[PDB]
Amino acid sequence: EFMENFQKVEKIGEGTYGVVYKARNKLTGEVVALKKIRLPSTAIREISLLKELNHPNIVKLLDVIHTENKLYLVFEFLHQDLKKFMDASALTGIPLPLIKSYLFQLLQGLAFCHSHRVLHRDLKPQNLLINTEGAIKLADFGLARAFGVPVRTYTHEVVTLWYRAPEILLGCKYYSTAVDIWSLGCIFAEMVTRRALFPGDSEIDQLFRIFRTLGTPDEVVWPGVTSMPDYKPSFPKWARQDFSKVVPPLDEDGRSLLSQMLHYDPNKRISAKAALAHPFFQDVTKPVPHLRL
Ligand SMILES: Brc1ccnc2ncccc12
């Protein structure tokens with residue numbers, strides 16, 4: 001009966017966890033994103049707590065509905081995701097000032113959630129949503145704690161590894177907020193170069209692409225790494241590349257920030273809060289993007 005206290009309902013696409021619909025609420029007339037999650041009470045409690053986790057760079061969670069043994073998440077509707085926008089921007093690139101504005105807003109969103117001890121764990125361009133007024137917002141915060149992150153979606157589509165922090169790939173049991181900083185660093189590099197930084201197609205391909213760029217990690221740069229569940233002494237030993245080669249034509253400030261976002265040691269990785277104070281953002285602005293809706 002649920003899709004009846006919506007005036008109507010059409011299909012935006014296929015989420016990690018279920019189908020995503022565009023729908024209108026009949027009481028309010030508001031246009032929302034409705035996500036079906038297919039199948040647990042602990043998840044219900046934790047996801048309901050995210051209704052309070054409100055920030056202008058976090059996609060608003062309007063309602064959590066458990067009915068007929070199905071879960072529906074009701075979110076703020078935004079017209080476009082950063083994946084589509086980057087694909088639309090492929091011939092020209094996103095202008096640097098807009099890249100800087102989006103990174104700045106995304107760090108404010110991360111700083112807010114992290115301050116409340118909530119992490120994302122699965123940041124990717126597809127869950128960064130943009131509006132006509134130059135805002136960017138993080139979608140699906142705190143869901144990964146609730147439902148985990150599967151190898152495959154409900155439609156068996158492969159869940160992307162491209163943004164996964166090395167601690168996760170090496171089998172670390174405990175996530176820290178540093179996993180989100182790693183993901184956002186990967187997205188920053190992709191906005192600048194118009195190519196994914198580490199487009200792995202398996203867990204080992206993902207790790208070896210990271211190794212070939214940043215060097216094979218060792219006890220020098222990452223104390224304890226040789227004791228991680230999935231670390232092998234037999235890993236090939238690649239040398240580190242200069243960031244000047246990895247993200248041209250990013251300036252010294254941006255390369256400095258990106259380097260701190262991609263430190264192997266999660267402890268050494270820059271926080272969201274300290275990243276907001278980085279000299280890269282001294283001249284930050286809020287440009288209006290060119291959106292075709
Ligand atoms: Br609008 C929209 C589109 C796609 N995925 C989304 N995920 C969360 C909230 C809004 C979304």
# chains A, B, ... in the order shown; residues from 1 in each chain; ligands from 1
call {"tool": "closest_atom_pairs", "arguments": {"of": "chain A", "to": "ligand 1", "cutoff": "10 Å", "atoms": "only C-alpha atoms and all ligand atoms", "output": "JSON lines"}}
result
{"residue": "A:11", "atom": "CA", "partner": "ligand 1", "partner_atom_place_in_ligand_line": "3 (C)", "distance": 9.6}
{"residue": "A:12", "atom": "CA", "partner": "ligand 1", "partner_atom_place_in_ligand_line": "3 (C)", "distance": 6.2}
{"residue": "A:13", "atom": "CA", "partner": "ligand 1", "partner_atom_place_in_ligand_line": "4 (C)", "distance": 7.0}
{"residue": "A:14", "atom": "CA", "partner": "ligand 1", "partner_atom_place_in_ligand_line": "4 (C)", "distance": 8.2}
{"residue": "A:15", "atom": "CA", "partner": "ligand 1", "partner_atom_place_in_ligand_line": "5 (N)", "distance": 6.6}
{"residue": "A:16", "atom": "CA", "partner": "ligand 1", "partner_atom_place_in_ligand_line": "5 (N)", "distance": 9.4}
{"residue": "A:19", "atom": "CA", "partner": "ligand 1", "partner_atom_place_in_ligand_line": "5 (N)", "distance": 9.3}
{"residue": "A:20", "atom": "CA", "partner": "ligand 1", "partner_atom_place_in_ligand_line": "4 (C)", "distance": 6.4}
{"residue": "A:21", "atom": "CA", "partner": "ligand 1", "partner_atom_place_in_ligand_line": "3 (C)", "distance": 8.1}
{"residue": "A:22", "atom": "CA", "partner": "ligand 1", "partner_atom_place_in_ligand_line": "1 (Br)", "distance": 7.3}
{"residue": "A:31", "atom": "CA", "partner": "ligand 1", "partner_atom_place_in_ligand_line": "1 (Br)", "distance": 9.6}
{"residue": "A:32", "atom": "CA", "partner": "ligand 1", "partner_atom_place_in_ligand_line": "1 (Br)", "distance": 7.4}
{"residue": "A:33", "atom": "CA", "partner": "ligand 1", "partner_atom_place_in_ligand_line": "10 (C)", "distance": 5.2}
{"residue": "A:34", "atom": "CA", "partner": "ligand 1", "partner_atom_place_in_ligand_line": "10 (C)", "distance": 7.8}
{"residue": "A:35", "atom": "CA", "partner": "ligand 1", "partner_atom_place_in_ligand_line": "7 (N)", "distance": 7.4}
{"residue": "A:58", "atom": "CA", "partner": "ligand 1", "partner_atom_place_in_ligand_line": "9 (C)", "distance": 9.5}
{"residue": "A:59", "atom": "CA", "partner": "ligand 1", "partner_atom_place_in_ligand_line": "9 (C)", "distance": 6.2}
{"residue": "A:60", "atom": "CA", "partner": "ligand 1", "partner_atom_place_in_ligand_line": "9 (C)", "distance": 8.0}
{"residue": "A:61", "atom": "CA", "partner": "ligand 1", "partner_atom_place_in_ligand_line": "9 (C)", "distance": 8.1}
{"residue": "A:73", "atom": "CA", "partner": "ligand 1", "partner_atom_place_in_ligand_line": "8 (C)", "distance": 8.7}
{"residue": "A:74", "atom": "CA", "partner": "ligand 1", "partner_atom_place_in_ligand_line": "9 (C)", "distance": 8.0}
{"residue": "A:75", "atom": "CA", "partner": "ligand 1", "partner_atom_place_in_ligand_line": "9 (C)", "distance": 5.3}
{"residue": "A:76", "atom": "CA", "partner": "ligand 1", "partner_atom_place_in_ligand_line": "10 (C)", "distance": 6.3}
{"residue": "A:77", "atom": "CA", "partner": "ligand 1", "partner_atom_place_in_ligand_line": "1 (Br)", "distance": 4.2}
{"residue": "A:78", "atom": "CA", "partner": "ligand 1", "partner_atom_place_in_ligand_line": "1 (Br)", "distance": 4.3}
{"residue": "A:79", "atom": "CA", "partner": "ligand 1", "partner_atom_place_in_ligand_line": "1 (Br)", "distance": 5.8}
{"residue": "A:80", "atom": "CA", "partner": "ligand 1", "partner_atom_place_in_ligand_line": "1 (Br)", "distance": 6.9}
{"residue": "A:81", "atom": "CA", "partner": "ligand 1", "partner_atom_place_in_ligand_line": "3 (C)", "distance": 6.8}
{"residue": "A:126", "atom": "CA", "partner": "ligand 1", "partner_atom_place_in_ligand_line": "5 (N)", "distance": 6.9}
{"residue": "A:127", "atom": "CA", "partner": "ligand 1", "partner_atom_place_in_ligand_line": "7 (N)", "distance": 5.8}
{"residue": "A:128", "atom": "CA", "partner": "ligand 1", "partner_atom_place_in_ligand_line": "7 (N)", "distance": 8.3}
{"residue": "A:129", "atom": "CA", "partner": "ligand 1", "partner_atom_place_in_ligand_line": "2 (C)", "distance": 6.9}
{"residue": "A:130", "atom": "CA", "partner": "ligand 1", "partner_atom_place_in_ligand_line": "1 (Br)", "distance": 9.0}
{"residue": "A:131", "atom": "CA", "partner": "ligand 1", "partner_atom_place_in_ligand_line": "1 (Br)", "distance": 9.9}
{"residue": "A:137", "atom": "CA", "partner": "ligand 1", "partner_atom_place_in_ligand_line": "9 (C)", "distance": 9.2}
{"residue": "A:138", "atom": "CA", "partner": "ligand 1", "partner_atom_place_in_ligand_line": "8 (C)", "distance": 8.2}
{"residue": "A:139", "atom": "CA", "partner": "ligand 1", "partner_atom_place_in_ligand_line": "8 (C)", "distance": 4.6}
{"residue": "A:140", "atom": "CA", "partner": "ligand 1", "partner_atom_place_in_ligand_line": "8 (C)", "distance": 5.7}
{"residue": "A:141", "atom": "CA", "partner": "ligand 1", "partner_atom_place_in_ligand_line": "8 (C)", "distance": 9.1}
call {"tool": "closest_atom_pairs", "arguments": {"of": "segment 103-178 of chain A", "to": "segment 222-246 of chain A", "cutoff": "12 Å", "atoms": "only C-alpha atoms", "output": "JSON lines"}}
result
{"residue": "A:166", "atom": "CA", "partner": "A:225", "partner_atom": "CA", "distance": 10.0}
{"residue": "A:167", "atom": "CA", "partner": "A:228", "partner_atom": "CA", "distance": 8.3}
{"residue": "A:168", "atom": "CA", "partner": "A:230", "partner_atom": "CA", "distance": 9.7}
{"residue": "A:169", "atom": "CA", "partner": "A:230", "partner_atom": "CA", "distance": 7.8}
{"residue": "A:170", "atom": "CA", "partner": "A:230", "partner_atom": "CA", "distance": 4.7}
{"residue": "A:171", "atom": "CA", "partner": "A:229", "partner_atom": "CA", "distance": 5.2}
{"residue": "A:172", "atom": "CA", "partner": "A:228", "partner_atom": "CA", "distance": 6.5}
{"residue": "A:173", "atom": "CA", "partner": "A:229", "partner_atom": "CA", "distance": 8.8}
{"residue": "A:174", "atom": "CA", "partner": "A:228", "partner_atom": "CA", "distance": 11.6}
call {"tool": "select_by_dssp", "arguments": {"residues": "segment 25-271 of chain A", "states": "strand (DSSP E or B)", "output": "count of residues only"}}
result
33
call {"tool": "residues_around", "arguments": {"residues": "residue 65 of chain A", "least_positions_apart": "6", "cutoff": "10 Å", "atoms": "only C-alpha atoms", "output": "list in words"}}
result
residues 2, 36, 44, 48, 71, 72, 73 and 74 of chain A
call {"tool": "closest_atom_pairs", "arguments": {"of": "segment 24-92 of chain A", "to": "segment 148-158 of chain A", "cutoff": "12 Å", "atoms": "only C-alpha atoms", "output": "Markdown table"}}
result
| residue | atom | partner | partner_atom | distance |
| --- | --- | --- | --- | --- |
| A:36 | CA | A:154 | CA | 10.6 |
| A:37 | CA | A:154 | CA | 9.1 |
| A:38 | CA | A:154 | CA | 7.9 |
| A:39 | CA | A:154 | CA | 10.0 |
| A:43 | CA | A:148 | CA | 10.2 |
call {"tool": "write_last_selection", "arguments": {"atoms": "N, CA and C atoms", "output": "PDB file, in the first residue's frame"}}
result
ATOM      1  N   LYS A  36      14.035   1.860  -1.725  1.00  0.00           N
ATOM      2  CA  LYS A  36      13.613   0.538  -1.186  1.00  0.00           C
ATOM      3  C   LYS A  36      14.881  -0.235  -0.800  1.00  0.00           C
ATOM      4  N   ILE A  37      14.927  -0.771   0.415  1.00  0.00           N
ATOM      5  CA  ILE A  37      16.039  -1.625   0.936  1.00  0.00           C
ATOM      6  C   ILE A  37      15.440  -3.030   1.109  1.00  0.00           C
ATOM      7  N   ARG A  38      15.974  -4.065   0.449  1.00  0.00           N
ATOM      8  CA  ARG A  38      15.355  -5.425   0.478  1.00  0.00           C
ATOM      9  C   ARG A  38      16.155  -6.356   1.398  1.00  0.00           C
ATOM     10  N   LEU A  39      15.457  -7.336   1.983  1.00  0.00           N
ATOM     11  CA  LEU A  39      15.889  -8.143   3.158  1.00  0.00           C
ATOM     12  C   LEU A  39      15.753  -9.636   2.836  1.00  0.00           C
ATOM     13  N   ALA A  43      19.436  -2.140  12.725  1.00  0.00           N
ATOM     14  CA  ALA A  43      19.575  -1.290  11.518  1.00  0.00           C
ATOM     15  C   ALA A  43      18.515  -0.187  11.574  1.00  0.00           C
TER      16      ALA A  43
END
call {"tool": "atom_distance", "arguments": {"atom1": "atom CA of residue 146 of chain A", "atom2": "atom CA of residue 263 of chain A"}}
result
27.3 Å
call {"tool": "residues_around", "arguments": {"residues": "residue 5 of chain A", "least_positions_apart": "5", "cutoff": "10 Å", "atoms": "only C-alpha atoms", "output": "ChimeraX atom specification"}}
result
/A:23-27
call {"tool": "select_by_dssp", "arguments": {"residues": "segment 101-222 of chain A", "states": "helix (DSSP H, G or I)", "output": "PyMOL selection string"}}
result
chain A and resi 101-115+125-127+143-147+166-169+178-193+203-214
call {"tool": "closest_atom_pairs", "arguments": {"of": "segment 42-128 of chain A", "to": "segment 264-284 of chain A", "cutoff": "8 Å", "atoms": "only C-alpha atoms", "output": "Markdown table"}}
result
| residue | atom | partner | partner_atom | distance |
| --- | --- | --- | --- | --- |
| A:97 | CA | A:284 | CA | 7.0 |
| A:100 | CA | A:284 | CA | 6.3 |
| A:101 | CA | A:284 | CA | 6.1 |
| A:104 | CA | A:276 | CA | 6.6 |
| A:107 | CA | A:272 | CA | 5.2 |
| A:108 | CA | A:272 | CA | 7.0 |
| A:110 | CA | A:272 | CA | 6.0 |
| A:111 | CA | A:272 | CA | 4.9 |
call {"tool": "write_last_selection", "arguments": {"atoms": "C-alpha atoms", "output": "short mmCIF file (atom, residue, chain, number, x, y, z; two decimals), in the first residue's frame"}}
result
data_model
loop_
_atom_site.label_atom_id
_atom_site.label_comp_id
_atom_site.auth_asym_id
_atom_site.auth_seq_id
_atom_site.Cartn_x
_atom_site.Cartn_y
_atom_site.Cartn_z
CA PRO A 97 37.04 27.12 -8.85
CA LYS A 100 37.56 23.77 -5.09
CA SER A 101 34.02 24.82 -4.02
CA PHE A 104 35.35 22.50 0.39
CA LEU A 107 34.85 18.49 3.69
CA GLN A 108 32.35 20.61 5.66
CA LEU A 110 32.47 15.19 6.44
CA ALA A 111 33.67 17.43 9.33
#
call {"tool": "residues_around", "arguments": {"residues": "segment 184-192 of chain A", "least_positions_apart": "2", "cutoff": "8 Å", "atoms": "only C-alpha atoms", "output": "ChimeraX atom specification"}}
result
/A:86,93-94,96,99,103,106,123-125,162-163,180-182,194-198,247-250,258,261-262
call {"tool": "write_last_selection", "arguments": {"atoms": "N, CA and C atoms", "output": "PDB file, in the first residue's frame"}}
result
ATOM      1  N   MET A  86      30.401  14.908 -14.023  1.00  0.00           N
ATOM      2  CA  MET A  86      31.788  14.765 -14.535  1.00  0.00           C
ATOM      3  C   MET A  86      31.727  14.225 -15.964  1.00  0.00           C
ATOM      4  N   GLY A  93      36.436  19.560 -18.760  1.00  0.00           N
ATOM      5  CA  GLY A  93      36.793  19.515 -17.333  1.00  0.00           C
ATOM      6  C   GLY A  93      35.865  20.390 -16.513  1.00  0.00           C
ATOM      7  N   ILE A  94      35.725  20.093 -15.231  1.00  0.00           N
ATOM      8  CA  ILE A  94      35.074  21.019 -14.264  1.00  0.00           C
ATOM      9  C   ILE A  94      36.053  22.148 -14.002  1.00  0.00           C
ATOM     10  N   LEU A  96      38.407  24.777 -12.210  1.00  0.00           N
ATOM     11  CA  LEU A  96      39.106  24.613 -10.910  1.00  0.00           C
ATOM     12  C   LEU A  96      38.304  25.253  -9.788  1.00  0.00           C
ATOM     13  N   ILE A  99      35.634  22.935  -8.759  1.00  0.00           N
ATOM     14  CA  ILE A  99      36.233  21.736  -8.086  1.00  0.00           C
ATOM     15  C   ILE A  99      36.531  22.115  -6.628  1.00  0.00           C
ATOM     16  N   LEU A 103      34.916  20.492  -3.255  1.00  0.00           N
ATOM     17  CA  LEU A 103      35.764  19.778  -2.279  1.00  0.00           C
ATOM     18  C   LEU A 103      35.575  20.391  -0.884  1.00  0.00           C
ATOM     19  N   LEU A 106      32.206  19.399   0.573  1.00  0.00           N
ATOM     20  CA  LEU A 106      32.233  17.963   0.918  1.00  0.00           C
ATOM     21  C   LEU A 106      33.001  17.786   2.234  1.00  0.00           C
ATOM     22  N   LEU A 123      31.881   6.440   0.111  1.00  0.00           N
ATOM     23  CA  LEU A 123      31.815   7.653  -0.745  1.00  0.00           C
ATOM     24  C   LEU A 123      32.196   7.309  -2.184  1.00  0.00           C
ATOM     25  N   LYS A 124      31.426   7.831  -3.127  1.00  0.00           N
ATOM     26  CA  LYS A 124      31.715   7.691  -4.561  1.00  0.00           C
ATOM     27  C   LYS A 124      30.983   8.798  -5.278  1.00  0.00           C
ATOM     28  N   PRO A 125      31.372   9.131  -6.505  1.00  0.00           N
ATOM     29  CA  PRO A 125      30.707  10.227  -7.207  1.00  0.00           C
ATOM     30  C   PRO A 125      29.178  10.069  -7.303  1.00  0.00           C
ATOM     31  N   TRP A 162      36.891   1.602  -6.238  1.00  0.00           N
ATOM     32  CA  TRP A 162      37.864   2.596  -6.753  1.00  0.00           C
ATOM     33  C   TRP A 162      38.208   3.601  -5.642  1.00  0.00           C
ATOM     34  N   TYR A 163      37.278   3.768  -4.710  1.00  0.00           N
ATOM     35  CA  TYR A 163      37.362   4.815  -3.667  1.00  0.00           C
ATOM     36  C   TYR A 163      37.678   4.191  -2.304  1.00  0.00           C
ATOM     37  N   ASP A 180      36.935   8.000   4.863  1.00  0.00           N
ATOM     38  CA  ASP A 180      36.126   8.977   4.079  1.00  0.00           C
ATOM     39  C   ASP A 180      37.053  10.012   3.435  1.00  0.00           C
ATOM     40  N   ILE A 181      38.127  10.380   4.143  1.00  0.00           N
ATOM     41  CA  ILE A 181      39.111  11.353   3.646  1.00  0.00           C
ATOM     42  C   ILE A 181      39.814  10.724   2.446  1.00  0.00           C
ATOM     43  N   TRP A 182      40.181   9.439   2.535  1.00  0.00           N
ATOM     44  CA  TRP A 182      40.791   8.674   1.418  1.00  0.00           C
ATOM     45  C   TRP A 182      39.847   8.720   0.211  1.00  0.00           C
ATOM     46  N   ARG A 194      39.972  14.201 -14.790  1.00  0.00           N
ATOM     47  CA  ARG A 194      38.830  13.677 -15.559  1.00  0.00           C
ATOM     48  C   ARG A 194      39.014  12.182 -15.814  1.00  0.00           C
ATOM     49  N   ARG A 195      39.796  11.499 -14.973  1.00  0.00           N
ATOM     50  CA  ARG A 195      40.011  10.041 -15.045  1.00  0.00           C
ATOM     51  C   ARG A 195      40.018   9.522 -13.606  1.00  0.00           C
ATOM     52  N   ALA A 196      39.458   8.340 -13.363  1.00  0.00           N
ATOM     53  CA  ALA A 196      39.501   7.773 -11.995  1.00  0.00           C
ATOM     54  C   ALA A 196      40.960   7.581 -11.608  1.00  0.00           C
ATOM     55  N   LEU A 197      41.266   7.788 -10.345  1.00  0.00           N
ATOM     56  CA  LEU A 197      42.653   7.723  -9.868  1.00  0.00           C
ATOM     57  C   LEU A 197      43.117   6.257  -9.802  1.00  0.00           C
ATOM     58  N   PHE A 198      42.298   5.378  -9.217  1.00  0.00           N
ATOM     59  CA  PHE A 198      42.593   3.951  -8.941  1.00  0.00           C
ATOM     60  C   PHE A 198      41.419   3.087  -9.366  1.00  0.00           C
ATOM     61  N   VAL A 247      48.479  14.096 -10.829  1.00  0.00           N
ATOM     62  CA  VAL A 247      47.338  15.037 -10.951  1.00  0.00           C
ATOM     63  C   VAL A 247      47.727  16.372 -11.577  1.00  0.00           C
ATOM     64  N   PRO A 248      48.421  16.386 -12.747  1.00  0.00           N
ATOM     65  CA  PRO A 248      48.590  17.638 -13.476  1.00  0.00           C
ATOM     66  C   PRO A 248      47.203  18.076 -13.938  1.00  0.00           C
ATOM     67  N   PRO A 249      46.849  19.383 -13.960  1.00  0.00           N
ATOM     68  CA  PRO A 249      47.750  20.493 -13.674  1.00  0.00           C
ATOM     69  C   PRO A 249      47.412  21.140 -12.326  1.00  0.00           C
ATOM     70  N   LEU A 250      47.100  20.320 -11.318  1.00  0.00           N
ATOM     71  CA  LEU A 250      46.844  20.797  -9.946  1.00  0.00           C
ATOM     72  C   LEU A 250      48.081  21.538  -9.423  1.00  0.00           C
ATOM     73  N   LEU A 258      46.122  16.938  -1.391  1.00  0.00           N
ATOM     74  CA  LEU A 258      45.770  15.594  -1.885  1.00  0.00           C
ATOM     75  C   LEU A 258      46.745  14.598  -1.241  1.00  0.00           C
ATOM     76  N   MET A 261      45.595  13.750   2.168  1.00  0.00           N
ATOM     77  CA  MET A 261      44.341  12.978   2.118  1.00  0.00           C
ATOM     78  C   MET A 261      44.621  11.524   1.758  1.00  0.00           C
ATOM     79  N   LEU A 262      45.770  11.240   1.160  1.00  0.00           N
ATOM     80  CA  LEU A 262      46.066   9.880   0.648  1.00  0.00           C
ATOM     81  C   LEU A 262      47.245   9.281   1.419  1.00  0.00           C
TER      82      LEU A 262
END
call {"tool": "residues_around", "arguments": {"residues": "residue 88 of chain A", "least_positions_apart": "5", "cutoff": "10 Å", "atoms": "only C-alpha atoms", "output": "list in words"}}
result
residues 82, 83, 93, 94, 290, 291 and 292 of chain A
call {"tool": "closest_residue", "arguments": {"among": "A:288, A:177, A:293, A:164", "to": "residue 206 of chain A", "atoms": "only C-alpha atoms"}}
result
A:164
call {"tool": "decode", "arguments": {"residues": "segment 73-101 of chain A", "atoms": "N, CA and C atoms", "output": "PDB file, in the first residue's frame"}}
result
ATOM      1  N   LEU A  73      13.632   4.378   2.650  1.00  0.00           N
ATOM      2  CA  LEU A  73      14.275   5.620   3.120  1.00  0.00           C
ATOM      3  C   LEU A  73      13.777   6.744   2.233  1.00  0.00           C
ATOM      4  N   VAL A  74      13.272   7.790   2.848  1.00  0.00           N
ATOM      5  CA  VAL A  74      12.807   9.000   2.133  1.00  0.00           C
ATOM      6  C   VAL A  74      13.859  10.095   2.324  1.00  0.00           C
ATOM      7  N   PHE A  75      14.370  10.616   1.212  1.00  0.00           N
ATOM      8  CA  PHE A  75      15.437  11.637   1.167  1.00  0.00           C
ATOM      9  C   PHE A  75      14.958  12.864   0.398  1.00  0.00           C
ATOM     10  N   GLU A  76      15.534  14.005   0.740  1.00  0.00           N
ATOM     11  CA  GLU A  76      15.632  15.192  -0.137  1.00  0.00           C
ATOM     12  C   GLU A  76      15.975  14.762  -1.569  1.00  0.00           C
ATOM     13  N   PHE A  77      15.257  15.293  -2.551  1.00  0.00           N
ATOM     14  CA  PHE A  77      15.547  15.093  -3.991  1.00  0.00           C
ATOM     15  C   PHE A  77      16.553  16.149  -4.476  1.00  0.00           C
ATOM     16  N   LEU A  78      17.638  15.712  -5.142  1.00  0.00           N
ATOM     17  CA  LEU A  78      18.522  16.596  -5.935  1.00  0.00           C
ATOM     18  C   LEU A  78      18.555  16.072  -7.370  1.00  0.00           C
ATOM     19  N   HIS A  79      18.728  16.980  -8.323  1.00  0.00           N
ATOM     20  CA  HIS A  79      18.486  16.688  -9.748  1.00  0.00           C
ATOM     21  C   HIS A  79      19.655  15.974 -10.412  1.00  0.00           C
ATOM     22  N   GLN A  80      20.836  15.885  -9.803  1.00  0.00           N
ATOM     23  CA  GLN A  80      22.033  15.452 -10.566  1.00  0.00           C
ATOM     24  C   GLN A  80      23.055  14.889  -9.580  1.00  0.00           C
ATOM     25  N   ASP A  81      23.813  13.879  -9.986  1.00  0.00           N
ATOM     26  CA  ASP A  81      24.946  13.370  -9.170  1.00  0.00           C
ATOM     27  C   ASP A  81      26.258  13.745  -9.869  1.00  0.00           C
ATOM     28  N   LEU A  82      27.345  13.720  -9.104  1.00  0.00           N
ATOM     29  CA  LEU A  82      28.677  14.190  -9.563  1.00  0.00           C
ATOM     30  C   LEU A  82      29.200  13.261 -10.662  1.00  0.00           C
ATOM     31  N   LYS A  83      28.843  11.980 -10.638  1.00  0.00           N
ATOM     32  CA  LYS A  83      29.246  11.047 -11.730  1.00  0.00           C
ATOM     33  C   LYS A  83      28.714  11.597 -13.060  1.00  0.00           C
ATOM     34  N   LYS A  84      27.401  11.794 -13.146  1.00  0.00           N
ATOM     35  CA  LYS A  84      26.772  12.306 -14.389  1.00  0.00           C
ATOM     36  C   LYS A  84      27.401  13.642 -14.768  1.00  0.00           C
ATOM     37  N   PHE A  85      27.668  14.529 -13.801  1.00  0.00           N
ATOM     38  CA  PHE A  85      28.172  15.899 -14.035  1.00  0.00           C
ATOM     39  C   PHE A  85      29.606  15.808 -14.574  1.00  0.00           C
ATOM     40  N   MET A  86      30.401  14.908 -14.023  1.00  0.00           N
ATOM     41  CA  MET A  86      31.788  14.765 -14.535  1.00  0.00           C
ATOM     42  C   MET A  86      31.727  14.225 -15.964  1.00  0.00           C
ATOM     43  N   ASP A  87      30.891  13.219 -16.218  1.00  0.00           N
ATOM     44  CA  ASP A  87      30.711  12.615 -17.573  1.00  0.00           C
ATOM     45  C   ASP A  87      30.254  13.708 -18.545  1.00  0.00           C
ATOM     46  N   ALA A  88      29.294  14.559 -18.154  1.00  0.00           N
ATOM     47  CA  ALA A  88      28.801  15.714 -18.946  1.00  0.00           C
ATOM     48  C   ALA A  88      29.904  16.753 -19.166  1.00  0.00           C
ATOM     49  N   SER A  89      30.930  16.777 -18.305  1.00  0.00           N
ATOM     50  CA  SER A  89      32.001  17.806 -18.284  1.00  0.00           C
ATOM     51  C   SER A  89      33.297  17.251 -18.889  1.00  0.00           C
ATOM     52  N   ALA A  90      33.254  16.102 -19.567  1.00  0.00           N
ATOM     53  CA  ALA A  90      34.460  15.342 -19.977  1.00  0.00           C
ATOM     54  C   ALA A  90      35.306  16.115 -21.010  1.00  0.00           C
ATOM     55  N   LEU A  91      34.703  16.892 -21.913  1.00  0.00           N
ATOM     56  CA  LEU A  91      35.462  17.537 -23.024  1.00  0.00           C
ATOM     57  C   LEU A  91      36.241  18.717 -22.459  1.00  0.00           C
ATOM     58  N   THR A  92      35.710  19.373 -21.430  1.00  0.00           N
ATOM     59  CA  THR A  92      36.207  20.680 -20.929  1.00  0.00           C
ATOM     60  C   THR A  92      36.856  20.552 -19.549  1.00  0.00           C
ATOM     61  N   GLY A  93      36.436  19.560 -18.760  1.00  0.00           N
ATOM     62  CA  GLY A  93      36.793  19.515 -17.333  1.00  0.00           C
ATOM     63  C   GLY A  93      35.865  20.390 -16.513  1.00  0.00           C
ATOM     64  N   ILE A  94      35.725  20.093 -15.231  1.00  0.00           N
ATOM     65  CA  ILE A  94      35.074  21.019 -14.264  1.00  0.00           C
ATOM     66  C   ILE A  94      36.053  22.148 -14.002  1.00  0.00           C
ATOM     67  N   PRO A  95      35.639  23.428 -14.079  1.00  0.00           N
ATOM     68  CA  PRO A  95      36.541  24.526 -13.788  1.00  0.00           C
ATOM     69  C   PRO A  95      37.141  24.421 -12.377  1.00  0.00           C
ATOM     70  N   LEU A  96      38.407  24.777 -12.210  1.00  0.00           N
ATOM     71  CA  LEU A  96      39.106  24.613 -10.910  1.00  0.00           C
ATOM     72  C   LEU A  96      38.304  25.253  -9.788  1.00  0.00           C
ATOM     73  N   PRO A  97      37.760  26.485  -9.954  1.00  0.00           N
ATOM     74  CA  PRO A  97      37.041  27.120  -8.853  1.00  0.00           C
ATOM     75  C   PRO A  97      35.836  26.296  -8.373  1.00  0.00           C
ATOM     76  N   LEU A  98      35.163  25.600  -9.287  1.00  0.00           N
ATOM     77  CA  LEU A  98      33.993  24.766  -8.955  1.00  0.00           C
ATOM     78  C   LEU A  98      34.515  23.483  -8.289  1.00  0.00           C
ATOM     79  N   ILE A  99      35.634  22.935  -8.759  1.00  0.00           N
ATOM     80  CA  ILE A  99      36.233  21.736  -8.086  1.00  0.00           C
ATOM     81  C   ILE A  99      36.531  22.115  -6.628  1.00  0.00           C
ATOM     82  N   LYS A 100      37.115  23.292  -6.427  1.00  0.00           N
ATOM     83  CA  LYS A 100      37.562  23.773  -5.092  1.00  0.00           C
ATOM     84  C   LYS A 100      36.335  23.973  -4.212  1.00  0.00           C
ATOM     85  N   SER A 101      35.292  24.612  -4.749  1.00  0.00           N
ATOM     86  CA  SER A 101      34.022  24.823  -4.016  1.00  0.00           C
ATOM     87  C   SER A 101      33.446  23.460  -3.597  1.00  0.00           C
TER      88      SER A 101
END
